[PDB]
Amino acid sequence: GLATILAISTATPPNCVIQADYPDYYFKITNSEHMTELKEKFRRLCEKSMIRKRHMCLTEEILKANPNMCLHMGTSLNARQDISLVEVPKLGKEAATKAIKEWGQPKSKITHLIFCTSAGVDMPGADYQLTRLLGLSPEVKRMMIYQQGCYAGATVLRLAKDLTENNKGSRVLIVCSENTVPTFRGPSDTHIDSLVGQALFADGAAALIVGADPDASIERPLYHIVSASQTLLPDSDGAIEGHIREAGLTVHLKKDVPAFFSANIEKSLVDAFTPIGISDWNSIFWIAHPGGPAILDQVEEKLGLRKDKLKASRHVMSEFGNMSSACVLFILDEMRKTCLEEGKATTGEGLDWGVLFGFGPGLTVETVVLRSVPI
């Protein structure tokens, strides 16, 4: 049968930054209060973000201890790696233990592990660290998805679908764990596009169990993964780039990203849903990577979505910020919980069919067709 999501959980670092207070904090800790016009631009970005709070393992204490991270382009990759490479699997384990609990099986039944992060590469990778931290079988079949950015929450579902459907009895643990350690940096009027990241990026981890052929005596499906596609957008090359450099991960925006995603998203919908016979985009539930707020606004306008279609996606953005690959997985967690609390008929806001979108560098759109389960 089809790959099925059997459990979801999440974790965030305990320190959280209130967005209303962030322009003042960020310009203070980076010693940039003299850049008054830049501070005003950053305040506007923070207020436009529709983020209320973000969780960050980067604290004032840590930044004071790593002052090269507070420069715009300080030589700082080593300092960033030293923090992030430990944090990434630690936060991932926090989510994974809880997903395993919901799943209801012993962890010795996990046959496959997908780990996903853009927060720092190491050899061996975070997949190895998580395997040892959790005490998974040494024979777990691992896939380490590094540096794929904000569409990778859909990528891991696409990968998990083929792994679990091609291997009878297989059960995949998926962990996505992201943080701002590689990207945090001081401001510069050269690199205004970096301020976008400073206003949006946040920390979080999400874990899932995916498997085909559920054991109804123990396992409880949440969503079915029907199809998974990936495409590059025409003429979009260079719109979003992220470079791993001596100063950490630097972000570069060169084209109108929301215009590209909104102009092309209907093609992905038609390709995904024509085989199903669906053409009304308000008749399906939506999980859309929300880390670019203007992207969601323009998708909504272009397609004529009702204002509530993206409610769960915008709620996660409001409460957590742009956690990169983890966002869409937080959104699935939020949707099923809200549907249960509100007495909706399915885990997809009472609807049967749904779409999950990852958006990221390429420009790339990942399109996952889901089906809900009854509540």
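Under this definition, the rigid core comprises the largest set of C-alpha atoms superposing within 1.5 Å between the forms. Each residue number is its position in the shown sequence, starting from 1.
- Farther on average from this form in 5 other deposited structures of this protein lies stretch 255-263, the comparison being between 255-263 and 275-283 by RMS Cα distance after core superposition.
- Of the two stretches examined, 96-104 and 227-235, the one with higher mean CA deviation in 5 other deposited structures of this protein after a rigid core fit is 96-104.
- As recorded in the PDB entry, 254-262 is the stretch of 177-185 and 254-262 with the greater mean C-alpha temperature factor.
- Taking only CA atoms, the mean B-factor in the PDB entry is higher for 234-242 than for the other of 234-242 and 97-105.
- Among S318, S324, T36, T346, the highest C-alpha B-factor recorded in the PDB entry belongs to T36.
- Going by the entry's values, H191 shows the largest Cα B-factor out of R158, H289, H191, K141.
- Compared with the other modelled residues of the chain, the Cα B-factor recorded for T364 ranks in the lowest third.
- Ranked by Cα temperature factor within the chain, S9 sits in the lowest third according to the deposited record.
- Remark: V355 belongs to the lowest third of its chain, ranked by C-alpha B-factor as recorded.
- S217: CA B factor in the highest third of modelled residues in this chain (values from the PDB entry).
- The deposited CA B-factor of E300 belongs to the highest third of values across its chain.
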